[PDB]
Amino acid sequence: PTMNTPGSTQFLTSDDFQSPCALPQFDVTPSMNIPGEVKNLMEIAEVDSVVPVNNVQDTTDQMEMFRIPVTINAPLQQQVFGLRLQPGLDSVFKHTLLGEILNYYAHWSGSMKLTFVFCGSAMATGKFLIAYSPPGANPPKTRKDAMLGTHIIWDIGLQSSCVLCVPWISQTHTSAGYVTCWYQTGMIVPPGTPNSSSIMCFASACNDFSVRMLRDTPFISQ
Amino acid sequence: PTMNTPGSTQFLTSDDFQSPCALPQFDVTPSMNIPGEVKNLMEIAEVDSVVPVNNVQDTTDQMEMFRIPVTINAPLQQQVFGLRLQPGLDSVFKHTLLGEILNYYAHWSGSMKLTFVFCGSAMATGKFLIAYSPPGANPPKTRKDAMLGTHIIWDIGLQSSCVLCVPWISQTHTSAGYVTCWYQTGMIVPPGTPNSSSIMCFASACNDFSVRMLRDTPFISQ
Amino acid sequence: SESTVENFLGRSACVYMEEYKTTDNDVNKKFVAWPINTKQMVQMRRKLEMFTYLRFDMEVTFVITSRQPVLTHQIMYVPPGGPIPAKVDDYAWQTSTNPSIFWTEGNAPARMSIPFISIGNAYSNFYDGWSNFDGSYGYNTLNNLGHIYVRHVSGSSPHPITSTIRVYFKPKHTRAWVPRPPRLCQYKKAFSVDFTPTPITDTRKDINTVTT
Amino acid sequence: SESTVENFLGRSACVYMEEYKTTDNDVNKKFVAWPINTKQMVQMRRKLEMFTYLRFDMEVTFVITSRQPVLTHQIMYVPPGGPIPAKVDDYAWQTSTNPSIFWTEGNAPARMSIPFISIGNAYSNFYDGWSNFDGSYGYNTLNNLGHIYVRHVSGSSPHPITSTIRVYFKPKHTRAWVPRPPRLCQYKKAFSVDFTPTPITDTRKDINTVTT
Amino acid sequence: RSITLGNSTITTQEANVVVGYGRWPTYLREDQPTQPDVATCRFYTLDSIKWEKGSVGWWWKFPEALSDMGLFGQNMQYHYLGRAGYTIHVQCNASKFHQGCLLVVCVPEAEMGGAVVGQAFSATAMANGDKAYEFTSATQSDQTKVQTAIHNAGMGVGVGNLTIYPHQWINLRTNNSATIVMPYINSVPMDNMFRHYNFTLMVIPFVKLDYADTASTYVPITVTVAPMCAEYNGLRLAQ
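Chains as they are written, first to last, in the entry's author numbering: chain C, 3 to 175, 185 to 233; chain C', 3 to 175, 185 to 233; chain A, 60 to 127, 138 to 203, 206 to 283; chain A', 60 to 127, 138 to 203, 206 to 283; chain B, 14 to 27, 29 to 43, 50 to 259. A prime marks a further copy of an entry chain.
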């Protein structure tokens, strides 16, 4: 006696029911195996993508946002860049592969790694102090007190890439971590070598990400 | 041939039927274990609560309703308090924990215990005669004939609490029991001790309570 | 028993009633809007405030009548943090992430069951704290619930129809944690614990009075 | 999860809305015509353009209303490479190889599921090539889908009725192959990849600025 | 007897322990690292409160009453998510020629309505330092105050029915001490320590103090609190 119940006899836009085939007695062409099949959308957000760190105001050329300048003569203990770890709201991470998959969901959390690659000459040497601030803590104001937190002395003479894995990433719908980088012992080059170099930055999720509640992206206007 | 029957095709406000989920394909956050889980509403009514026995007319201060006065010089064989055992209608037990769970139901019966705690000095001594009258019997008029019923001589020199368990409690929709208390040998104190003391009273259900037919409380006005 | 927490709060009851006219000077009187909350029904508010934390599913059934063809009505649930319409027709009704029921009159009432939606592990009836830190006391966003907007579906040319919508609400699969003592004072607000002091109990006459 | 490709694109949403009047000077305003494509809904276009190849079944449900007896409406799907009607009544509506639904008002909405129709092994959202060889860029006929024509069924004597048809569309049993990076520019055409250059991201102020 | 408890602070005492809901404080058993601080466990003794003939009650909000205490109050400045249970010992010192009754009770998530309906109040109207707030016998009627009528408990409920929460009675002619071990109760695993007050402690005297002539005119009440099983979010990078 369930055909006269209150639920039945309506159209609900999210129902799953079988419905009559428009034309049966039709052979559907079989599927072939085509390289690369996606089955989850966390296989797109675990892929590295260049982060536009140097998106500073008064950039008159695009392609200058992916380069973080480093020069021979720069006063020691001077900040190189700052970042706020919030890949959904912060402009820096907003349009990355990671950032545009998390704007389809309303709740998410996990951990997401970063990598910093020095792209200068092969004759350059120097150091950098990459610091990290836990969420709910002010970014350091000097090189000296940014070394009393968590940090890594990256030497570009022996390494060419340094990887961080940042925990406690959440929707936060602020309190967010910070990653800052400072000059430690300038940059030193021998004769006949360029006086400027750059650092690129990559970002992706780890594998601890979880997303919940699908919703429309706020980057499309009708 | 039961989809065209007289019962079907109506809305009844007390029906239990499954109904389409508004949004399936949504992960619901798991439940955690939180201290103290209620599964029955007879776990709230088996908890003691102070009874406002001294709710006499012309009380100009609240907090004076939980104290039953006792003094050194009071004529012997004088009543201390009276109570009528009807926790749904009587004003005394009306707003207790027990009383406000039984006003959601229209039929109930069981047995409910009382406790009387002397809160005077530690140097005071004396006695009291706590009498009990079966339902359908007049309360005693003298100490002498209140001792020919059921009674307990409570000595506050050797005890500090005395417990009664009252049977035959029912909705009665009167005939009700009575619990009275009388002076037996005043109150005696040594030098330098307060001349007044008080008795508090607690009440709760036992475990024999049963409630039937849910209905709205008559203590809420729209 | 009937004393189980499940059956105590398992009852279904009316919670909102409103009317709208299709053609009206005001554009806010062409559709229903209703934040879902259980603090508007005085009778049921007291039964849900005997616990500090609750966890339940909702079942909402609508009874619609109309007064001057077949008349169709959209009923759109907006999950918390979705777009909200501000007009009788705008893109917020064309969103594909907001469930909708297209129901015609002369059929058994529309119904849908909204699951437990919250990123916490329970709803909290009482929250003693602040939102930002010292229009903030006693409000948190974890116990927030969606909205329901009706709106009569019609062609490109509207036609005068006056409708009355009644909403019924039933908690389902309830679990409850931590007792509270029942409310004693009358409610003076719909979102505050504000009250005016009341006597403990009704006065007798004398302490030895026991007359029926 | 809700992150599966199946559930990502499994949502149903409006895709076409049009009106027709039975009696009108124009003969092209006496019936609906609608080439099936998923490039008309801006919101859903971006979600289907994160893959280069898709394979799915379609489920199409129609919501019809009318304004001035019982009114009947034919809903005819024309598979690709079938006859197409050019008049309100002609032999193209009498074809026995074009599925049809005769639905009357006051019943639950009409619905049918069109299978995967294509002689290729997948639909292609992007095609870099030519049709004839160097009104040909970026169009191939393998990703072509049918048409839907409504038309109000009536006697030999028409009578004025104005109707509004809404079409809802849901991909079903989706499989997807080869990621693409999400779209960055606004769509300027309904059948082209044409665009106007846009900035990469929104400017900050200074590289050391990290204020919330 | 005397149990003579120690932790780096020694308190000699002793009724019996009343465990919250029958649940002892316990550690929470990735992308959230966590880590406990076991050096915060130790008694912190709040200032004595004079119980006189006038007084009608007192209250303290936790964990905002231990905010100025060393180490425990400094972890609230650093870590932005925390949890912890508590062990509270309320104890009086009085003679046999005094009389009174107290109700020690811990009310979780006690909202308090303002005095003058529909009016907002500051956060210094119920919590500030380790200072004890006070209930008033007569109804409050001040713009920037909480409604402090004693017979409604500041929540519009019966004052007699507050025995539905973890509690114990200090009757001066029997005992003189009470202990409540409160576990962590919240709807989330961890929460910010400054934006939320987990519970409140209250001491409410039914039966006023009385003491005859030429005896001490007050009885001191001493609250001692030691956090048990505190745990905070980690501050170091993952691997």
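A virtual CB, placed ideally from N, CA and C, is assigned to each residue, including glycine.
Status (buried if at least 16 other CB within 10 Å, exposed otherwise) for residue i
i, result
"C'/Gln64", "buried"
"A/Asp265", "buried"
"A/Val224", "buried"
"C'/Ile210", "buried"
"C/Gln81", "buried"
"A/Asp197", "buried"
Residue i, DSSP secondary structure in three states
i, result
"A/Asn66", "helix"
"C/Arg145", "coil"
"B/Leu182", "helix"
"B/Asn191", "strand"
"B/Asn30", "coil"
"B/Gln97", "helix"
"A'/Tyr160", "helix"
"A/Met76", "strand"
"A/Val101", "helix"
"C/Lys41", "coil"
"A/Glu118", "strand"
"C/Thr11", "coil"
"A/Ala261", "coil"
"C/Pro169", "strand"
Contact set between residue i and chain C, taken where Cβ atoms lie within less than 7 Å
i, result
"C'/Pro22", "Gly9, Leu14 and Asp17"
Best match in the options for proximity to residue i [C-alpha to C-alpha]
i, options, result
"B/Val127", "B/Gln111, B/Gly134, B/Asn181 and B/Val136", "B/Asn181"
"C'/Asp157", "C'/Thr196, C'/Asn6 and C'/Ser186", "C'/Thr196"
"A/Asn211", "A/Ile188, A/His218 and A/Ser225", "A/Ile188"
"C'/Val119", "B/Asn206, B/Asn218, B/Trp189 and B/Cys112", "B/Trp189"
"B/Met213", "B/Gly105, B/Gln111, B/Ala198 and B/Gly74", "B/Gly105"
"C/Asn218", "C/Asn140, C/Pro22 and C/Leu43", "C/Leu43"
"A'/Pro229", "A'/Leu140, A'/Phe110 and A'/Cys73", "A'/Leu140"
"A'/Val281", "C/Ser51, C/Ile36 and C/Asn140", "C/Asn140"
"A'/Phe115", "A'/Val101, A'/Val64 and A'/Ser125", "A'/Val64"
"B/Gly90", "B/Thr60, B/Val125 and B/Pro240", "B/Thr60"
"C'/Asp17", "C/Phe28, C/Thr4 and C/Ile46", "C/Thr4"
"B/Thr194", "B/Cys121, B/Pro83, B/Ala173 and B/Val208", "B/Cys121"
Contact list for residue i against chain A, beta-carbon separation under 8 Å
i, result
"B/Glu129", "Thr111, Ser193, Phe195, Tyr196 and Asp197"
"C'/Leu225", "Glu61, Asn66, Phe67 and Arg70"
Where residue i meets chain C, residues with beta-carbon distance less than 9 Å
i, result
"C'/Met5", "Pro3, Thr4, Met5 and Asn6"
"B/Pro53", "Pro169 and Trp170"
"B/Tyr100", "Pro136, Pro137, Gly138, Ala139 and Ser186"
Listed by chain order, chain C residues near residue i by CB distance under 8 Å
i, result
"B/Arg256", "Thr152"
Chain B residues whose Cβ lies nearer than 7 Å to that of residue i
i, result
"A/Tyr239", "Correct list: empty, because the minimum Cβ distance to chain B is about 27 Å."
"C/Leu166", "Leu257"
"A/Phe202", "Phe214 and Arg215"
Per-residue contacts from residue i into chain A' (C-beta, under 7 Å)
i, result
"A/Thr212", "The contacting residues do not exist; A/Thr212 stays about 18 Å from chain A' at best."
"C/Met149", "Under the 7 Å cutoff, chain A' gives no residues; its nearest Cβ is about 17 Å from C/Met149."
Under 7 Å by beta carbon: chain A residues contacting residue i
i, result
"C'/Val30", "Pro184 and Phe185"
Beta-carbon neighbours of residue i, restricted to chain C' and to distances below 9 Å
i, result
"B/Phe226", "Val52, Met65, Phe68, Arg69, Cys121, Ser209 and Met211"
Beta-carbon neighbours of residue i, restricted to chain C' and to distances below 7 Å
i, result
"A/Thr97", "Within 7 Å Cβ-Cβ: nothing; A/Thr97 doesn't reach chain C', min ~15 Å."
Interface partners of residue i on chain A, CB under 9 Å
i, result
"A'/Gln127", "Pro138"
Where residue i meets chain C', residues with beta-carbon distance less than 8 Å
i, result
"A/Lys276", "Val58 and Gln59"
The stretch 53–68 of chain C': positions lying closer than 9 Å to chain A by Cβ: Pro54, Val55, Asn56, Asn57, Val58, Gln59, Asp60, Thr61, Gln64, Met65, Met67 and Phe68
Residues in the stretch 245–272 of chain A' having any Cβ partner in chain C nearer than 8 Å: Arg246, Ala247, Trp248, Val249, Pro250, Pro252, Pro253, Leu255, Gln257, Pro270, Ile271 and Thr272
Interfacial residues, the stretch 84–114 of chain C to chain A, with Cβ spacing under 9 Å: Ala108 and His109
Selection of the stretch 164–191 of chain A' by Cβ proximity to chain A, strictly under 8 Å: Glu174, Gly175 and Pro178
Members of the stretch 236–254 of chain B that neighbour chain C once the beta carbon cut-off is set at 9 Å: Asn253 and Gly254
Within 9 Å of chain C by C-beta, residues of the stretch 146–161 of chain A' in sequence order: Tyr146 and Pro148
Where the stretch 40–51 of chain C meets chain A': residues whose CB sits under 7 Å from a CB there: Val40, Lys41, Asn42, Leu43, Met44 and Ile46
Where the stretch 182–197 of chain B meets chain C': residues whose CB sits under 8 Å from a CB there: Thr183, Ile184, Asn191, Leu192, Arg193 and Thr194
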